[PDB]
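Worksheet for the structure shown next.
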Amino acid sequence: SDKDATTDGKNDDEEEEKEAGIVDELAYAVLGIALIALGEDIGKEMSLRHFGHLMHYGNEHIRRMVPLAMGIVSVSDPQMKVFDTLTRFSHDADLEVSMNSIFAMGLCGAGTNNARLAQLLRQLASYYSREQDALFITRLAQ
Amino acid sequence: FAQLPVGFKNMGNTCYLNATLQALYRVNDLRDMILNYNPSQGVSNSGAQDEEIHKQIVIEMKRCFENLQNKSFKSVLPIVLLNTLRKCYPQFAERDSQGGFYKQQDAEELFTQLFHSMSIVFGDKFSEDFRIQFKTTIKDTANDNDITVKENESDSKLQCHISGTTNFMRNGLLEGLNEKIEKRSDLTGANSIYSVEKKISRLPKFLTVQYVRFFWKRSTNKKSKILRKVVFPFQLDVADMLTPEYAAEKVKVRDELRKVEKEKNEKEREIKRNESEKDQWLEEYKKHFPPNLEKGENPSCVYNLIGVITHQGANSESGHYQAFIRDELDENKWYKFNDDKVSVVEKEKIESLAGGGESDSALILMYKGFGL
Amino acid sequence: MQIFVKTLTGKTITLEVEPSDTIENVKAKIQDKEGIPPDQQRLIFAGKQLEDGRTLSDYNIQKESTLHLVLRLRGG
């Protein structure tokens, strides 16, 4: 509950108060992941997944850099359910952002098999991001 | 994920066995015969009681190879085989002081001993598969007064004798199948220098050439290792070491096969933008093979490169043999077998193993007949 | 019996031996004249190794033959 709440506070606050603060709240999460890995082993499993949805809820303005940067590192870390949650943000306009996700995620997926359970999550995520020349967009906001 | 074979985990002081086996199993007849072994395969009977130890060894290869092909496995045991080999030859069964455990020597010797065992079990007809027959003329320098012709001289691999005559493999092969024999015998003269030229009279279907790397220094009285750069072509042509007659036969078949090989290399690239397609070409290739072909013979004078054993580090007295084998499905895709660490490497990595220096360099090269 | 031994430097020397003699005598005699110690010597004929416990008639080894000498190397 604690890990989901810390993130959930940041997302909820940042839309409603103004919108230029949205960019700043992204940095807390990056540091939060580093803190949570030496603080609790179990706590890490939850916070990886919350980060991808931190971005999607708050509607950050930088959708190019951060999912791809997260994604390489998060292959080692347990819980591949992380990639799925990164791609809900990344989807933006389809085949804009989503090209890099497909390219990067197909490498780590093909390259590494370490359980057929782990493989299933990694596959699901790439296919989400794309549609067909930006058929629809997703915004958590109204 | 993708399909990739398994390797051997080195116990330690065992790589001389582990490294060598991999290269051998690439060879298509080799892997086949160990699988299709029966306890009813005809033996080269003249008596002998070690024929029975030879049988046991071939069973151990068969199960190692079954482990290797099947994925329910990530490590292939050499332990049952090690026990059989130590019974068979009691030189591997000694004990080192201040170092430890069971005596460690010699991937060359080991390939020799393994082919010996297989040829007893699978007969002399199997001996011909890697065995090379020569035509040797032993003849005086100037006018001949004493002459002998030897075909009973034979080998199962070439010995490229380095003496600083290597910059290319062919030169050193040519100066170690060319030689001068000095005599210490009474004729009507004595100490006549004879020119000896060995020429290959029967090609093997599978070629092995070993580089000789050792020397006894006599100016310090201690073993050293020769280090030299020798480029080896992936595509090896032995035309100049055959007699004219035999060369004429194999070079004409080779040139037609190179026409079909060219035709494949063009067609392959187009369809890109596999096994069955190779078989459609194989049925075309076999038609240009000569009608006088016999058992234990390459239908060409050309061979392609399927294995390199490399030896790395410092002196001889020391060694950790890693190896390179070529994929059995590909032709420019190579697997690096560093015991159970198996990886894909490219042509460029194979090229780099020419050597000189403390780096990886070649000791044994495995090829096989049929260009492609 | 006169036999030929192809050394590591790819030069052929002769050796005077017997077909009843053991490989240990053969290797001892090369030790006298070159200095090489038997337990590093490997005498090959037909691509088959001739162990210390073998002789020079087990594989029909007569005169005008050439054995191919190569040397050992340790490790594992």
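Chain labels run A, B, ... following the order of the structure tokens; each chain numbers its residues from 1, and ligands are numbered from 1 in the order shown.
Counting only C-alpha atoms, every residue of chain A that comes within 9 Å of chain B is listed here: residues 109, 110, 111, 112, 113, 114 and 116 of chain A.
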Please produce a file of the residues just selected, as a PDB file, in the first residue's frame, where the atoms kept are N, CA and C atoms.
ATOM      1  N   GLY A 109      13.766  -8.877 -25.206  1.00  0.00           N
ATOM      2  CA  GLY A 109      12.865 -10.022 -25.177  1.00  0.00           C
ATOM      3  C   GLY A 109      13.436 -11.221 -25.901  1.00  0.00           C
ATOM      4  N   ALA A 110      13.964 -11.004 -27.109  1.00  0.00           N
ATOM      5  CA  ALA A 110      14.509 -12.113 -27.876  1.00  0.00           C
ATOM      6  C   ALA A 110      15.802 -12.598 -27.245  1.00  0.00           C
ATOM      7  N   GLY A 111      16.643 -11.632 -26.888  1.00  0.00           N
ATOM      8  CA  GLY A 111      17.972 -11.780 -26.336  1.00  0.00           C
ATOM      9  C   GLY A 111      17.912 -12.590 -25.065  1.00  0.00           C
ATOM     10  N   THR A 112      17.084 -12.138 -24.132  1.00  0.00           N
ATOM     11  CA  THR A 112      16.869 -12.821 -22.868  1.00  0.00           C
ATOM     12  C   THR A 112      15.544 -13.541 -22.776  1.00  0.00           C
ATOM     13  N   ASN A 113      15.671 -14.826 -22.571  1.00  0.00           N
ATOM     14  CA  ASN A 113      14.712 -15.729 -21.998  1.00  0.00           C
ATOM     15  C   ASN A 113      15.316 -16.307 -20.746  1.00  0.00           C
ATOM     16  N   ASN A 114      14.570 -16.204 -19.673  1.00  0.00           N
ATOM     17  CA  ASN A 114      14.961 -16.613 -18.336  1.00  0.00           C
ATOM     18  C   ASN A 114      13.765 -17.174 -17.588  1.00  0.00           C
ATOM     19  N   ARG A 116       9.517 -18.669 -19.266  1.00  0.00           N
ATOM     20  CA  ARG A 116       8.480 -18.408 -20.264  1.00  0.00           C
ATOM     21  C   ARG A 116       7.386 -17.540 -19.671  1.00  0.00           C
TER      22      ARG A 116
END
- [ ] Write out as number ranges by chain every residue belonging to chain B that has an atom at most 8 Å from any atom of chain C, counting only C-alpha atoms.
- [x] B: 12-16, 103-106, 109, 112-113, 115-116, 131, 148, 150, 153-157, 161-163, 175-176, 179-185, 212, 214-216, 218, 221, 316-321
- [ ] Would you list the contacts of residue 70 in chain A as an MDAnalysis selection string, taking every protein, DNA or RNA residue within 10 Å and counting only C-alpha atoms, but skipping same-chain residues closer than 3 positions in sequence?
- [x] chainID A and resid 30 48 51:52 65:67 73:75 82:83 86
Take the residues from that selection and write them out as a PDB file, in the first residue's frame, keeping N, CA, C and O atoms.
ATOM      1  N   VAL A  30      12.423   8.679 -10.036  1.00  0.00           N
ATOM      2  CA  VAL A  30      13.699   8.099 -10.433  1.00  0.00           C
ATOM      3  C   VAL A  30      14.546   7.831  -9.215  1.00  0.00           C
ATOM      4  O   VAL A  30      15.221   6.803  -9.135  1.00  0.00           O
ATOM      5  N   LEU A  48       8.688  -0.482  -9.150  1.00  0.00           N
ATOM      6  CA  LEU A  48       9.001  -0.527 -10.577  1.00  0.00           C
ATOM      7  C   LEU A  48       7.739  -0.247 -11.393  1.00  0.00           C
ATOM      8  O   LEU A  48       7.708   0.660 -12.231  1.00  0.00           O
ATOM      9  N   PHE A  51       6.054   3.338 -11.409  1.00  0.00           N
ATOM     10  CA  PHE A  51       6.749   4.417 -12.105  1.00  0.00           C
ATOM     11  C   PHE A  51       6.157   4.662 -13.495  1.00  0.00           C
ATOM     12  O   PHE A  51       5.966   5.814 -13.906  1.00  0.00           O
ATOM     13  N   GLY A  52       5.875   3.584 -14.238  1.00  0.00           N
ATOM     14  CA  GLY A  52       5.378   3.732 -15.598  1.00  0.00           C
ATOM     15  C   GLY A  52       4.039   4.428 -15.613  1.00  0.00           C
ATOM     16  O   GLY A  52       3.759   5.255 -16.488  1.00  0.00           O
ATOM     17  N   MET A  65      12.259  10.375 -23.722  1.00  0.00           N
ATOM     18  CA  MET A  65      13.465   9.975 -23.025  1.00  0.00           C
ATOM     19  C   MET A  65      13.188   8.883 -21.991  1.00  0.00           C
ATOM     20  O   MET A  65      13.859   7.846 -21.970  1.00  0.00           O
ATOM     21  N   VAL A  66      12.244   9.127 -21.082  1.00  0.00           N
ATOM     22  CA  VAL A  66      12.194   8.375 -19.826  1.00  0.00           C
ATOM     23  C   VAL A  66      11.741   6.912 -19.931  1.00  0.00           C
ATOM     24  O   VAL A  66      12.350   6.084 -19.239  1.00  0.00           O
ATOM     25  N   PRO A  67      10.729   6.497 -20.726  1.00  0.00           N
ATOM     26  CA  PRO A  67      10.420   5.043 -20.768  1.00  0.00           C
ATOM     27  C   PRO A  67      11.552   4.179 -21.312  1.00  0.00           C
ATOM     28  O   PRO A  67      11.783   3.073 -20.805  1.00  0.00           O
ATOM     29  N   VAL A  73      17.330  -1.023 -17.798  1.00  0.00           N
ATOM     30  CA  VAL A  73      17.645  -1.398 -16.421  1.00  0.00           C
ATOM     31  C   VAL A  73      16.644  -2.379 -15.841  1.00  0.00           C
ATOM     32  O   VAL A  73      17.026  -3.278 -15.081  1.00  0.00           O
ATOM     33  N   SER A  74      15.366  -2.257 -16.201  1.00  0.00           N
ATOM     34  CA  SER A  74      14.310  -2.959 -15.489  1.00  0.00           C
ATOM     35  C   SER A  74      14.188  -4.397 -15.964  1.00  0.00           C
ATOM     36  O   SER A  74      13.322  -5.126 -15.473  1.00  0.00           O
ATOM     37  N   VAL A  75      15.015  -4.812 -16.928  1.00  0.00           N
ATOM     38  CA  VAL A  75      15.031  -6.203 -17.348  1.00  0.00           C
ATOM     39  C   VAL A  75      15.635  -7.087 -16.249  1.00  0.00           C
ATOM     40  O   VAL A  75      15.040  -8.107 -15.882  1.00  0.00           O
ATOM     41  N   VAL A  82       6.384  -4.509 -15.196  1.00  0.00           N
ATOM     42  CA  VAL A  82       6.902  -3.148 -15.371  1.00  0.00           C
ATOM     43  C   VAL A  82       6.802  -2.619 -16.811  1.00  0.00           C
ATOM     44  O   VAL A  82       6.370  -1.480 -17.020  1.00  0.00           O
ATOM     45  N   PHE A  83       7.212  -3.411 -17.821  1.00  0.00           N
ATOM     46  CA  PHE A  83       7.238  -2.965 -19.232  1.00  0.00           C
ATOM     47  C   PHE A  83       5.849  -2.628 -19.730  1.00  0.00           C
ATOM     48  O   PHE A  83       5.669  -1.717 -20.549  1.00  0.00           O
ATOM     49  N   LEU A  86       4.999   0.745 -18.479  1.00  0.00           N
ATOM     50  CA  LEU A  86       5.710   1.844 -19.137  1.00  0.00           C
ATOM     51  C   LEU A  86       4.980   2.196 -20.418  1.00  0.00           C
ATOM     52  O   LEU A  86       4.846   3.374 -20.760  1.00  0.00           O
TER      53      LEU A  86
END
As a CSV table (one decimal) with C-alpha atoms, in the first residue's frame, list the residues of chain C assigned to helix (DSSP H, G or I) by DSSP on the backbone atoms of this structure.
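Produced file selection_4.csv, reproduced below:
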chain,number,residue,atom,x,y,z
C,23,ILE,CA,59.1,-47.8,-27.8
C,24,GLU,CA,61.0,-46.9,-24.6
C,25,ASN,CA,64.3,-47.9,-26.3
C,26,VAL,CA,63.3,-46.0,-29.4
C,27,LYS,CA,62.7,-42.8,-27.3
C,28,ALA,CA,65.8,-43.5,-25.2
C,29,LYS,CA,68.0,-43.5,-28.4
C,30,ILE,CA,66.5,-40.2,-29.6
C,31,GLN,CA,67.3,-38.8,-26.1
C,32,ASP,CA,71.0,-39.6,-26.5
C,33,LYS,CA,71.4,-37.8,-29.8
C,34,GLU,CA,69.0,-34.8,-29.6
C,38,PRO,CA,61.0,-39.8,-23.7
C,39,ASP,CA,57.9,-38.7,-21.6
C,40,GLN,CA,57.4,-35.7,-23.9
Task: residue 298 in chain B surroundings by only C-alpha atoms, 9 Å radius, close-in-sequence under 4 positions cut, as a VMD selection string - done: chain B and resid 202 to 206 250 293 to 294 302 to 303 368 to 370
Kindly save the residues from that selection, with N, CA, C and O atoms included, as a PDB file, in the first residue's frame.
ATOM      1  N   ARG B 202      45.476 -40.368 -52.092  1.00  0.00           N
ATOM      2  CA  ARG B 202      44.052 -40.419 -51.801  1.00  0.00           C
ATOM      3  C   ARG B 202      43.682 -39.311 -50.832  1.00  0.00           C
ATOM      4  O   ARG B 202      44.153 -39.286 -49.691  1.00  0.00           O
ATOM      5  N   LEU B 203      42.832 -38.410 -51.303  1.00  0.00           N
ATOM      6  CA  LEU B 203      42.250 -37.387 -50.459  1.00  0.00           C
ATOM      7  C   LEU B 203      41.352 -38.031 -49.403  1.00  0.00           C
ATOM      8  O   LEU B 203      40.706 -39.049 -49.666  1.00  0.00           O
ATOM      9  N   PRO B 204      41.286 -37.462 -48.204  1.00  0.00           N
ATOM     10  CA  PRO B 204      40.236 -37.853 -47.267  1.00  0.00           C
ATOM     11  C   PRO B 204      38.964 -37.082 -47.567  1.00  0.00           C
ATOM     12  O   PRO B 204      38.989 -36.001 -48.158  1.00  0.00           O
ATOM     13  N   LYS B 205      37.833 -37.658 -47.162  1.00  0.00           N
ATOM     14  CA  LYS B 205      36.604 -36.878 -47.225  1.00  0.00           C
ATOM     15  C   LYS B 205      36.580 -35.801 -46.136  1.00  0.00           C
ATOM     16  O   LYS B 205      35.981 -34.741 -46.339  1.00  0.00           O
ATOM     17  N   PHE B 206      37.264 -36.015 -45.013  1.00  0.00           N
ATOM     18  CA  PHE B 206      37.411 -35.019 -43.950  1.00  0.00           C
ATOM     19  C   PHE B 206      38.893 -34.744 -43.769  1.00  0.00           C
ATOM     20  O   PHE B 206      39.672 -35.669 -43.509  1.00  0.00           O
ATOM     21  N   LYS B 250      40.402 -33.943 -59.841  1.00  0.00           N
ATOM     22  CA  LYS B 250      39.615 -33.225 -58.843  1.00  0.00           C
ATOM     23  C   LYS B 250      39.380 -31.758 -59.205  1.00  0.00           C
ATOM     24  O   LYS B 250      38.338 -31.199 -58.839  1.00  0.00           O
ATOM     25  N   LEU B 293      34.209 -42.539 -58.196  1.00  0.00           N
ATOM     26  CA  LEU B 293      34.378 -42.211 -56.788  1.00  0.00           C
ATOM     27  C   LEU B 293      34.415 -43.470 -55.932  1.00  0.00           C
ATOM     28  O   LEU B 293      33.700 -44.439 -56.199  1.00  0.00           O
ATOM     29  N   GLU B 294      35.244 -43.455 -54.885  1.00  0.00           N
ATOM     30  CA  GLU B 294      35.266 -44.542 -53.920  1.00  0.00           C
ATOM     31  C   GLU B 294      35.183 -44.035 -52.483  1.00  0.00           C
ATOM     32  O   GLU B 294      35.470 -42.874 -52.166  1.00  0.00           O
ATOM     33  N   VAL B 302      38.854 -29.548 -52.590  1.00  0.00           N
ATOM     34  CA  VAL B 302      38.591 -28.342 -51.836  1.00  0.00           C
ATOM     35  C   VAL B 302      37.905 -28.724 -50.538  1.00  0.00           C
ATOM     36  O   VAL B 302      37.072 -29.637 -50.516  1.00  0.00           O
ATOM     37  N   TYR B 303      38.249 -28.010 -49.454  1.00  0.00           N
ATOM     38  CA  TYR B 303      37.642 -28.238 -48.146  1.00  0.00           C
ATOM     39  C   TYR B 303      37.292 -26.890 -47.527  1.00  0.00           C
ATOM     40  O   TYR B 303      37.945 -25.885 -47.820  1.00  0.00           O
ATOM     41  N   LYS B 368      36.146 -29.979 -43.825  1.00  0.00           N
ATOM     42  CA  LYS B 368      35.481 -31.115 -44.441  1.00  0.00           C
ATOM     43  C   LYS B 368      35.277 -30.849 -45.935  1.00  0.00           C
ATOM     44  O   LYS B 368      35.077 -29.711 -46.373  1.00  0.00           O
ATOM     45  N   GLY B 369      35.361 -31.937 -46.703  1.00  0.00           N
ATOM     46  CA  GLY B 369      35.093 -32.027 -48.133  1.00  0.00           C
ATOM     47  C   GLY B 369      33.723 -31.528 -48.559  1.00  0.00           C
ATOM     48  O   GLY B 369      32.771 -31.649 -47.778  1.00  0.00           O
ATOM     49  N   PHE B 370      33.584 -31.155 -49.854  1.00  0.00           N
ATOM     50  CA  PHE B 370      32.428 -30.468 -50.468  1.00  0.00           C
ATOM     51  C   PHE B 370      32.232 -28.960 -50.336  1.00  0.00           C
ATOM     52  O   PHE B 370      31.683 -28.478 -49.339  1.00  0.00           O
TER      53      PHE B 370
END
TODO: Tell me, as a PyMOL selection string, which residues lie within 10 Å of residue 228 in chain B, counting only C-alpha atoms; anything in the same chain fewer than 6 positions away does not count.
DONE: chain B and resi 162-167+213+354-357+361
- [ ] as a PyMOL selection string, please: all residues of range 71-185 of chain B that backbone DSSP puts in strand (DSSP E or B).
- [x] chain B and resi 75-76+95+102+132-140+147-150+154-155+158-160+168+178-181
- [ ] Compile the contact shell of residue 60 in chain A as a ChimeraX atom specification: residues with an atom at most 12 Å away, counting only C-alpha atoms, same-chain residues fewer than 2 positions apart removed.
- [x] /A:11,14-15,19-27,52-58,62-67,89-90,92,139-141
Just-selected residues, N, CA, C and O atoms written as a CSV table (one decimal), in the first residue's frame:
chain,number,residue,atom,x,y,z
A,11,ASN,N,1.1,12.0,-8.4
A,11,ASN,CA,0.3,12.1,-9.6
A,11,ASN,C,-0.9,13.0,-9.5
A,11,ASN,O,-1.2,13.7,-10.4
A,14,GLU,N,-0.2,16.7,-8.9
A,14,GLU,CA,0.5,17.5,-9.9
A,14,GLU,C,-0.4,17.9,-11.1
A,14,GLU,O,-0.1,18.9,-11.7
A,15,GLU,N,-1.5,17.2,-11.3
A,15,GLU,CA,-2.4,17.7,-12.4
A,15,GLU,C,-3.1,18.9,-11.9
A,15,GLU,O,-3.2,19.9,-12.6
A,19,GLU,N,0.2,23.3,-14.0
A,19,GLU,CA,0.7,22.1,-14.8
A,19,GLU,C,2.1,22.3,-15.2
A,19,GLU,O,2.6,21.4,-15.9
A,20,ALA,N,2.8,23.4,-14.7
A,20,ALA,CA,4.2,23.4,-15.1
A,20,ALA,C,5.1,22.6,-14.1
A,20,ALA,O,6.2,22.2,-14.5
A,21,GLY,N,4.5,22.3,-12.9
A,21,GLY,CA,5.1,21.4,-11.9
A,21,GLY,C,5.1,20.0,-12.2
A,21,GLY,O,5.8,19.2,-11.6
A,22,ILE,N,4.4,19.6,-13.3
A,22,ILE,CA,4.3,18.2,-13.7
A,22,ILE,C,5.7,17.7,-14.1
A,22,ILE,O,6.0,16.5,-13.8
A,23,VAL,N,6.6,18.5,-14.5
A,23,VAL,CA,7.9,18.1,-15.1
A,23,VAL,C,8.8,17.7,-13.9
A,23,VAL,O,9.6,16.7,-14.0
A,24,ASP,N,8.7,18.4,-12.8
A,24,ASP,CA,9.5,18.2,-11.6
A,24,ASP,C,9.2,16.9,-10.8
A,24,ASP,O,10.1,16.3,-10.3
A,25,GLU,N,7.9,16.5,-10.8
A,25,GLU,CA,7.5,15.3,-10.0
A,25,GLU,C,8.1,14.0,-10.6
A,25,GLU,O,8.2,13.0,-9.8
A,26,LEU,N,8.5,14.0,-11.9
A,26,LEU,CA,9.2,12.9,-12.5
A,26,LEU,C,10.5,12.6,-11.9
A,26,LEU,O,10.9,11.4,-11.8
A,27,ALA,N,11.3,13.6,-11.5
A,27,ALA,CA,12.6,13.3,-10.9
A,27,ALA,C,12.5,12.6,-9.6
A,27,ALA,O,13.4,11.8,-9.3
A,52,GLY,N,5.9,3.6,-14.2
A,52,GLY,CA,5.4,3.7,-15.6
A,52,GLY,C,4.0,4.4,-15.6
A,52,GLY,O,3.8,5.3,-16.5
A,53,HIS,N,3.2,4.1,-14.6
A,53,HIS,CA,1.9,4.7,-14.5
A,53,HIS,C,2.0,6.1,-13.8
A,53,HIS,O,1.0,6.8,-13.9
A,54,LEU,N,3.1,6.4,-13.1
A,54,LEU,CA,3.3,7.8,-12.6
A,54,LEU,C,3.3,8.7,-13.8
A,54,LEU,O,2.7,9.8,-13.7
A,55,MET,N,4.0,8.4,-14.9
A,55,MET,CA,4.1,9.2,-16.1
A,55,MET,C,2.8,9.3,-16.8
A,55,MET,O,2.4,10.4,-17.1
A,56,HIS,N,2.1,8.2,-17.0
A,56,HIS,CA,0.8,8.2,-17.7
A,56,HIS,C,-0.3,9.1,-17.0
A,56,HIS,O,-1.0,9.8,-17.7
A,57,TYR,N,-0.4,9.0,-15.7
A,57,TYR,CA,-1.4,9.7,-14.9
A,57,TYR,C,-1.1,11.2,-14.9
A,57,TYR,O,-2.0,12.0,-15.1
A,58,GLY,N,0.1,11.6,-14.7
A,58,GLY,CA,0.5,13.0,-14.6
A,58,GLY,C,0.5,13.7,-15.9
A,58,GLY,O,0.4,14.9,-16.0
A,62,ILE,N,7.6,15.0,-21.4
A,62,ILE,CA,8.8,14.3,-22.0
A,62,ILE,C,8.5,12.9,-22.1
A,62,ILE,O,8.6,12.1,-21.1
A,63,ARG,N,8.0,12.4,-23.3
A,63,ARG,CA,7.6,11.0,-23.5
A,63,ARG,C,8.6,10.2,-24.3
A,63,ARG,O,8.4,9.1,-24.6
A,64,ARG,N,9.7,10.9,-24.7
A,64,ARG,CA,10.7,10.3,-25.5
A,64,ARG,C,11.8,9.7,-24.7
A,64,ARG,O,12.1,8.5,-24.9
A,65,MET,N,12.3,10.4,-23.7
A,65,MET,CA,13.5,10.0,-23.0
A,65,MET,C,13.2,8.9,-22.0
A,65,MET,O,13.9,7.8,-22.0
A,66,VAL,N,12.2,9.1,-21.1
A,66,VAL,CA,12.2,8.4,-19.8
A,66,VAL,C,11.7,6.9,-19.9
A,66,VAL,O,12.3,6.1,-19.2
A,67,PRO,N,10.7,6.5,-20.7
A,67,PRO,CA,10.4,5.0,-20.8
A,67,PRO,C,11.6,4.2,-21.3
A,67,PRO,O,11.8,3.1,-20.8
A,89,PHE,N,2.0,4.8,-20.9
A,89,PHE,CA,2.5,6.2,-21.2
A,89,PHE,C,3.0,6.4,-22.6
A,89,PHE,O,2.8,7.4,-23.2
A,90,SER,N,3.7,5.4,-23.0
A,90,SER,CA,4.6,5.6,-24.2
A,90,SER,C,3.7,5.7,-25.5
A,90,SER,O,4.2,6.3,-26.4
A,92,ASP,N,1.6,7.4,-26.7
A,92,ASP,CA,1.2,8.8,-27.0
A,92,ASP,C,0.4,8.9,-28.3
A,92,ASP,O,-0.8,8.5,-28.4
A,139,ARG,N,-5.0,9.5,-22.9
A,139,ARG,CA,-4.7,10.5,-21.9
A,139,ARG,C,-5.5,10.0,-20.7
A,139,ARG,O,-6.6,9.6,-20.9
A,140,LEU,N,-4.8,10.0,-19.5
A,140,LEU,CA,-5.6,9.8,-18.3
A,140,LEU,C,-6.5,10.9,-18.0
A,140,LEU,O,-7.6,10.7,-17.4
A,141,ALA,N,-6.1,12.2,-18.3
A,141,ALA,CA,-6.8,13.4,-18.1
A,141,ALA,C,-8.2,13.3,-18.9
A,141,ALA,O,-8.3,12.5,-19.7
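Taking CA of residue 47 in chain A as the reference point, CA of residue 3 in chain A is found at 5.9 Å.
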Open item on the list: Report, in Å to a single decimal, how far apart CA of residue 66 in chain B and CA of residue 50 in chain B are.
Closed with: 25.2 Å
